[PDB]
2 protein chains.
Amino acid sequence: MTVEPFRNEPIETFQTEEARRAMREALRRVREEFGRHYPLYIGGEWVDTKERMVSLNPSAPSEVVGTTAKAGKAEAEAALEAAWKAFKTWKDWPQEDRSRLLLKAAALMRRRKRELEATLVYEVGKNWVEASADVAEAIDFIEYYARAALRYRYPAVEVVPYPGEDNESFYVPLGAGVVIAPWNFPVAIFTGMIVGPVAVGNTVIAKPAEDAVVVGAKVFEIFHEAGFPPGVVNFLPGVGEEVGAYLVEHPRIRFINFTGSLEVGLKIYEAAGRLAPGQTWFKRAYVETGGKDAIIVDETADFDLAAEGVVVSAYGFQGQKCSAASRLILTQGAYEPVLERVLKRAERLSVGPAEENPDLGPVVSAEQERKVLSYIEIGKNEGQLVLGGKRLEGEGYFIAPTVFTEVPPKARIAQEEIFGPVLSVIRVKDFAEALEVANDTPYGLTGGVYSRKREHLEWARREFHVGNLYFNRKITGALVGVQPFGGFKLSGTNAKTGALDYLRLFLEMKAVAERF
Amino acid sequence: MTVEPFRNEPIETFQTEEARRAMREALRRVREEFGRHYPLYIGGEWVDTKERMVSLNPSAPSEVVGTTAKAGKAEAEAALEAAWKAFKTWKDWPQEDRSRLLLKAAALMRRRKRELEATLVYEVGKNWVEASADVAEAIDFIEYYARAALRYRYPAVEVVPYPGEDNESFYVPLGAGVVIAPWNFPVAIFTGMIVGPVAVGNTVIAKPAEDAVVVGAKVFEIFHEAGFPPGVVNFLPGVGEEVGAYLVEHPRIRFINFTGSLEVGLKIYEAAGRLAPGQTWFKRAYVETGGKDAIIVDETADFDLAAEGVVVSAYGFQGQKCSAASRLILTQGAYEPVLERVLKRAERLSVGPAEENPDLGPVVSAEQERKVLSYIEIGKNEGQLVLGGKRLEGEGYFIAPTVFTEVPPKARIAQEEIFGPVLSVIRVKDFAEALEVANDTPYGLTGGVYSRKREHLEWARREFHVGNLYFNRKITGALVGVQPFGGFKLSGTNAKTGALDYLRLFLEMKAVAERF
Ligand SMILES: O=C(O)[C@H]1CCCN1
Ligand SMILES: O=C(O)[C@H]1CCCN1
Ligand code: NA
Ligand code: NA
């Protein structure tokens, strides 16, 4: 199968009048369909339940964006039987056929871009450009993985020949597994975590994050339309842990793909290590469990370049990114000139309802707002509050961009992932000290360095122990294919998304010899 | 660096006068050294202890083959310290230097071939060809991995460019880990499990199986003379579960490479999924946990060629292989002609002191004899004993080649790994039933099919669910490079040894962007 070489889907900036016009319409149509009900998806049909989940607009939480069915253990078991039955024949599709199905999916997604972006603005409170980047990334995962999957096609493995024999080594998929997706990239990470495993012949039961069930149902409208056979992909919104614990601990669950908090990722990893009664394999678990990411700036840097990238990485999507700059480690001669520039920029940021395209929208939920307001209370005792520190006026969950300065490297707010628009500034002496501080957390996801000294950049390259490292640019927004995404230490298992290596995690190898 | 294309090390058949003479000279050298004491090897030096381990000759267990030091928690902690300090600089060797160290180690091992073979004969009871296959496989792992490592060298990852940026992805080693090696391939698997991780910049602490501590020590003599920096490889003989429990559970052990029984592998994988107090990473555990491997023969087969391969597969090294044919599944047309031919061939096998080059030597230890004889006792209750089934005379742990027939598919002897010279014969109507019966076990390591019907062979390639399938030939003897070796289901985690993909297990990836 021959297609164009992979390119990244361009990210809409809404500067042209046709873009704005297209978006204003998209938003109106999505707002005009608030209250829509989306059932479960199991074995190729939408299955409804007596209980229901409500999804609210974090910009105005009295508004229900939509409701979905709610999955129990029974629904999980049914889905799991539909996934297994599907697998018997889905593993047998020529790779070319599976990859064409992904390409159809991506073209359908692209045709529904504006509607998807609009649903993200309302359901999870992204501004226009964050919602566009999310959707572009989801399209990218499908286009990329459709292509990557063919590099594993029958028989892919390079092996040493032997006289008188044929030795053929090949990859087979694993079986039926479960995906537990995050609310902060509920189009992009939801999509890639499902479509990677499926591309190569696995089948998946997907559990969307509670805050993002409606946008997850819209991705399933795309799968259904694309024409995945019954039970290949299954959609099971539910509340709290019933559904995910049932599948994570289940003997017939083959693998688990998780993106989310460390707390859950640790329980998950430990549970996958156990042989459930009557289980007949060693479960694989791929977990990406967040970060406490830092940007180092030395006194050789472009300070206005730096201040810009820090504000973007600290405050893009209200700091709600596994990849957000939550730490600003400043060397002695960088401290004042960078800090004042970051403060002058950060004080100019608008906060408001996500539909208005503010610099920052709301945090995702009443839970997140409490969690973030509580960390800000803790930071008031650990560092010096110099910007924000407060909830803004409104019923939506608005939080001012917050800066702490003179933060001790070992403070809670310099160790623990806040996931909100909260930056900690840490003063250090020199660039060696900067690296020690950068490396001294339990995490290793993203990290950045602003500097013009080549020797400092190349030193960071070899010693700044993070999976995704960026020099002289923001540390968020890793592009599929360009920057393999995934971390070290308790940022997770280093399962590098948007890379060719990701798909190997979902395949096993068979070696077959025929002596003639 | 440029070396010859990989070839497998020829296995000595001892058909020439020079080779028989070279074997007798090496057997003589080895036994004159039975009085030797071998210390621990920690931080590039031999380190003795007060306690000692004794190694006995399974063919003459009143005869000691050597003694070693005995490590406990404290030498393990010391080796762990030494291994992490080594890693700090060993991770930074150019790959070409690390690969040349391996090639050097391989050349020492090839020059000491007969000595190691002779050590395997006296220490673990291998006949002369089994021993030579084992040493040749160790040399192959050092040669294969030295070359395979370089495919991973800086910057190996294929990524999509982006305008105005350099995007570089590359592999870095994990850290210090522990290898827990088996007694049945105490040169080959021992060497592979250590040098694979080490080739790519990991450091290793090796605990050999108690039954094979003397040949492990001699492999460390090689490591030492080749010049591995202090701390890179460490040798910790121990008794019982002290040393390996300590280290598998340790917060600062990065990965675990394990080959042994399912029982112990299940614990290790459960252990590895736990975050020890103050652990800052998700442990990687690689486990190969045995098999209950079957050869199917249908009525179109070459019946003499089948019976030859079955005997080799079932009785090679007394059946003490994860790859051993321990089930023989015969279709109705094939049952009589194949069973009689196997009985005729198995009845002319010799058993005796391994150094006489019998077809079978002893089982490895008193405890192995117990286990095997105990299964023979269960076997008598479950099917028909029709050859063997008994201990043979001599203090050596000699057991007769044993065959049970009319074994139900789900009988214990058809399900549990016995690891001794015991074959269970299963009668089935046709190939469809034959394949059901082959698949119906907890395991999925090796398998075999004898048949001239292409459709049955090509059906099996697709649906005989074992990681190493062999047609019209033996099912043991997987060659490094040729047949990537590792299993499905409870045969472990499909870590394919002697394969390019093996080294990827000991790496993580970093992605570094510079925006110019
Ligand atoms: O924010 C980022 O860097 C990428 C990682 C996965 C979601 N988007
Ligand atoms: O016997 C075999 O099949 C190979 C696997 C590893 C040891 N020798
Ligand atoms: Na919502
Ligand atoms: Na011994």
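Criteria and thresholds
Residues numbered from 1 in each chain as written, not as in the entry; some residues may be left out. Chains lettered and ligands numbered in written order. Heavy atoms only, no water. Donors = N, O, S within 2.8 Å, 3.2 Å for Na, K, Ca; no water. Near = heavy atom within 4 Å. Polar contact = N/O pair within 3.5 Å; in protein donor to acceptor, adjacent residues only side chain to side chain. Nonpolar A, V, L, I, M, F, W, Y, C, P; charged D, E, K, R; others polar. Domains from an automatic or database assignment. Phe/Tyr/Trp six-rings, centres within 6.5 Å; stacked < 30°, edge-to-face > 60°. Helix = DSSP H or I, 4+ residues; strand = E, 2+ residues; numbered from the N terminus. Buried < 20%, exposed > 50% of the residue type's maximum accessible area, 1.4 Å probe, protein only. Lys NZ or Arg CZ within 6 Å of the ring centre and 35° of its normal. Least-squares fit on C-alpha atoms. UniProt positions renumbered as here; feature names shortened; annotations may be inferred. Contact = heavy atoms within 4.5 Å. Patch = residues over 30% accessible without salt bridge, like charges linked within 9 Å, V, L, I, M, F, W, Y side chains within 5 Å. Areas by Shrake-Rupley, 256 points an atom, 1.4 Å probe, with all protein chains shown as cover. Salt bridge = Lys/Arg side-chain N within 4 Å of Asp/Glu carboxyl O. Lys, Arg positive; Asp, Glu negative; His and termini not counted. Charge placed at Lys NZ, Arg CZ, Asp CG, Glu CD. Arc of directions from axis to C-beta. Buried area = accessible area lost by both parts, 1.4 Å probe. Axes fitted to C-alpha atoms, helices over the stretch in contact; angles between N-to-C directions. Parallel < 35°, antiparallel > 145°, perpendicular 65-115°, else oblique. Left-handed = near helix turned anticlockwise from the far one by under 90°. Expected span 1.5 Å × (residues − 1). Pairing = 2+ DSSP bridges.

Judging from the entry metadata, X-ray crystallography is the method by which this structure was determined, and 2.06 Å is the reported resolution.

Caption draft 1: Spotlight on the coordination of the sodium ion (ligand 3). Taken together, the protein ligands of the sodium ion (ligand 3) are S55 of chain A (OG), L56 of chain A (O), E123 of chain A (O) and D211 of chain A (O), with distances of 2.6 to 2.9 Å. Read N to C, the donor residues that coordinate the sodium ion (ligand 3) are spaced as S-L-x66-E-x87-D.

Caption draft 2: Region of interest: the site of ligand 2. Residue and element names in this part refer to chain B. Taken together, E137, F185, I189, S323, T476, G477, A478 and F485 make up the full set of residues near ligand 2. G477 has a polar backbone atom sitting 3.2 Å from an oxygen atom of ligand 2. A478 places a main-chain nitrogen or oxygen 3.3 Å from an oxygen atom of ligand 2. Partitioned by chemical class, the residues of the shell around ligand 2 number four nonpolar, three polar and one charged. Two domains each donate at least three residues to the shell around ligand 2, and these are domain 1 (1-289 + 480-516) and domain 2 (290-479).

Caption draft 3: Fine view of the packing of aromatic side chains. Evaluated as defined, the whole model comprises 51 aromatic pairs over all chains. Between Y152 of chain A and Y171 of chain A, the aromatic rings sit 5.6 Å apart at their centres with planes inclined by 65°, giving edge-to-face as the arrangement. Of this pair, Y152 of chain A sits in the loop between helix 5 (128-150) and strand 6 (165-173) while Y171 of chain A sits in strand 6; the two residues are 19 residues apart in sequence, bridging distant segments of the chain. Pair check on accessibility: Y152 of chain A and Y171 of chain A agree, each one buried. Among the aromatic residues, those joined into a cluster by ring pairs are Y41, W46, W90, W93, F190, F220, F223, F228 and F235 of chain A. Directly above the ring of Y335 of chain A sits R427 of chain A, whose terminal nitrogen or CZ lies 5.8 Å from the centroid. When the ring centre of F317 of chain B is taken as reference, the NZ or CZ atom of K126 of chain B above it lies at 4.6 Å.

Caption draft 4: A look at the relation of the copies chain B and chain A. Note on the identical chains: chain B maps onto chain A by a rotation of 180° and an axial translation of 0.0 Å, with an RMSD of 0.2 Å. Classification of the inter-copy transformation places it as that of a two-fold axis. Distance from the rotation axis, computed per C-alpha, reaches its smallest value in chain B at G273 of chain B: 2.6 Å.

Caption draft 5: Summary view of the UniProt feature "binding site: NAD(+) 2" (unreviewed entry) in chain A. Residue and element names in this part refer to chain A. In the numbering adopted here, UniProt assigns the feature "binding site: NAD(+) 2" (unreviewed entry) to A181, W183, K207, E210, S261, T289 and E417. Across 237 residues, the annotated set is spatially dispersed, with a maximum C-alpha separation of 23.1 Å. On the secondary structure map, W183 appears in the loop between strand 7 (176-180) and helix 6 (188-199). In this view, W183 contacts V124, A209, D211, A212, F317, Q320, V364, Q368 and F419; residues no more than four positions away in its chain are not counted. Looking at the element boundaries, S261 is found in the loop between strand 10 (255-259) and helix 9 (262-272).

Caption draft 6: Highlighting the environment of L423 of chain A. Residues and elements named next belong to chain A. On the secondary structure map, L423 appears in strand 16 (residues 422-427). Along the sequence, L423 and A199 sit 224 residues apart, while their C-alpha atoms lie 39 Å from each other. Those residues in contact with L423, other than ones at most four positions away along the chain, are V310, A314, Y315, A325, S326, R327, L328, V342, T402, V403 and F404.

Caption draft 7: Up close: the coordination of the sodium ion (ligand 4). Residue and element names in this part refer to chain B. Taken together, the protein donors to the sodium ion (ligand 4) comprise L56 (O), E123 (O) and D211 (O), at separations of 2.8 to 3.0 Å. Positions of the donor residues of the sodium ion (ligand 4), expressed as sequence spacing, correspond to L-x66-E-x87-D. Of this pair, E123 sits in helix 4 (residues 113-124) while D211 sits in the loop between strand 8 (203-207) and helix 7 (213-226); the two residues are 88 residues apart in sequence, bridging distant segments of the chain. Residue classification places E123 among the buried residues on the basis of a relative accessible area of 2%.

Caption draft 8: Representation of the site of ligand 1 within the structure. Residues and elements named next belong to chain A. Residues in close proximity to ligand 1 include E137, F185, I189, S323, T476, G477, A478 and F485, which together make up its full environment. At a separation of 3.2 Å, an oxygen atom of ligand 1 approaches a polar backbone atom of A478. Classifying every residue of the shell around ligand 1 gives four nonpolar, three polar and one charged. Structurally, the shell around ligand 1 is a two-domain feature, drawing no fewer than three residues from each of domain 1 (1-289 + 480-516) and domain 2 (290-479).

Caption draft 9: Main features of a negative patch on the surface. A grouping of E63, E355, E356 and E395 of chain B is seen on the molecular surface, where their side chains present a negatively charged patch. Mapping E395 of chain B onto the fold places it in the loop between strand 14 (384-387) and strand 15 (402-405).

Caption draft 10: Focus on helix 14 (residues 454-463) of chain A. All buried positions along helix 14 of chain A are accounted for by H456, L457, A460 and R461 of chain A. All buried residues of helix 14 of chain A fall inside an arc of 145° around its axis, so they share one side. Across from the buried face of helix 14 of chain A, at angles greater than 90 degrees, the exposed residues are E455 and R462 of chain A. Considering only its buried residues, helix 14 of chain A is in contact with helix 13 (431-439), strand 17 (446-450) and strand 18 (468-471) of chain A together with strand 6 (165-173) and strand 19 (507-515) of chain B.

Caption draft 11: Highlighting the domain arrangement of chain A. All names here are of chain A. Splitting chain A by domain gives domain 1 (1-289 + 480-516) and domain 2 (290-479). The gap between the C-alpha centroids of domain 1 and domain 2 is 29 Å. With 40 residues of domain 1 at the contact, the number on the domain 2 side is 42 residues. Carbon and sulfur atoms supply 56% of the area that domain 1 and domain 2 bury against each other, a total of about 3300 Å² over both sides. It is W183, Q483 and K489 in domain 1 that bury the most area against domain 2; as a group they hold 18% of the surface buried on that side. At the boundary of domain 1 with domain 2, the tally comes to one salt bridge. On the surface where domain 1 and domain 2 come into contact, there are 27 residue pairs in polar contact. Those elements that place two or more of their residues in the side of domain 1 that touches domain 2 are helix 4 (113-124) and helix 5. Tallied by class, residues from the side of domain 1 that touches domain 2 come to 20 nonpolar, 13 polar and seven charged.

Caption draft 12: Highlighting the packing of helix 3 (residues 95-111) of chain A against helix 5 of chain A. Residue and element names in this part refer to chain A. Where helix 3 meets helix 5, the closest approach of the two axes is 9 Å, and the angle between their N-to-C directions is 165°. The angle between helix 3 and helix 5 places the two elements in the roughly antiparallel class. In the crossing of helix 3 with helix 5, the sense of the turn from one axis to the other is left-handed. Listed contacts from helix 5 to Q95, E96, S99, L102, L103, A105, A106, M109 and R110 of helix 3 are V135, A138, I139, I142, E143, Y145, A146, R147, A149 and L150. Looking at the contact of helix 3 with helix 5, its residues break down into 13 nonpolar, two polar and four charged.

Caption draft 13: Summary view of the interface of chain B and chain A. Tallying the contact residues gives 76 residues for chain B and 77 residues for chain A. Taken over both partners, the interface formed by chain B and chain A buries close to 6000 Å², and the fraction arising from carbon and sulfur atoms is 54%. When residues of chain B are sorted by the area they lose upon contact with chain A, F282, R461 and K510 of chain B head the list and together hold 14% of the total. The residue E165 of chain A makes a salt bridge to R473 of chain B at a minimum N-O spacing of 2.9 Å. The interface formed by chain B and chain A includes 41 residue pairs in polar contact. At the level of secondary structure, the elements contributing two or more residues to the side of chain B that touches chain A comprise strand 6, helix 9 (262-272), strand 11 (284-288), helix 14 (454-463), strand 18 (468-471), helix 15 (500-504) and strand 19 of chain B. Partitioning the side of chain B that touches chain A into residue classes produces 36 nonpolar, 17 polar and 23 charged.

Caption draft 14: Highlighting helix 5 (residues 128-148) of chain B. All names here are of chain B. Taking 1.5 Å of rise per residue, the 21 residues of helix 5 would be expected to cover 30 Å, and the 30 Å separating its terminal C-alpha atoms lies within 8% of that figure. For helix 5, the tally of buried residues reaches 19 of 21 residues, placing the bulk of the element in the interior. Measuring from the side-chain oxygen of the N-cap residue of helix 5 to the backbone nitrogen of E130 gives 3.0 Å; that N-cap residue is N127.

Caption draft 15: Local environment of the pairing of strand 5 (residues 60-69) of chain B. Residues and elements named next belong to chain B. For strand 5, the tally of buried residues reaches seven of 10 residues, placing the bulk of the element in the interior. With two bridges connecting them, strand 1 (residues 37-38) and strand 5 associate as parallel partners. Following the sheet pairing, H37 is matched in strand 5 by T67. For strand 4 (residues 52-57) and strand 5, the ladder comprises six bridges, and the chain directions are antiparallel. Bridging from a neighbouring strand, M53 pairs with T68 of strand 5. Adjacent in sequence and paired antiparallel, strand 4 and strand 5 are bridged by two residues.

Caption draft 16: Main features of the sheet that holds strand 5 (residues 64-69) of chain A. Residues and elements named next belong to chain A. Reading across from one edge, 1-5-4 is the order of the three strands in this open sheet, with mixed pairing throughout. Edge positions in the sheet fall to strand 1 (36-38) and strand 4 (52-56), since each has one partner strand and no second. When strand polarity is set aside, the average angle formed by the axes of neighbouring strands in this sheet is 25°. The sheet contact formed by strand 4 and strand 5 spans five bridges and is antiparallel. In the sheet register, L56 faces strand 5, and the bridge partner there is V64. In the packing of helix 7 (residues 213-226) onto the sheet, the strands contacted are strand 1, strand 4 and strand 5, and the crossing angle to strand 5 comes to about 65°.

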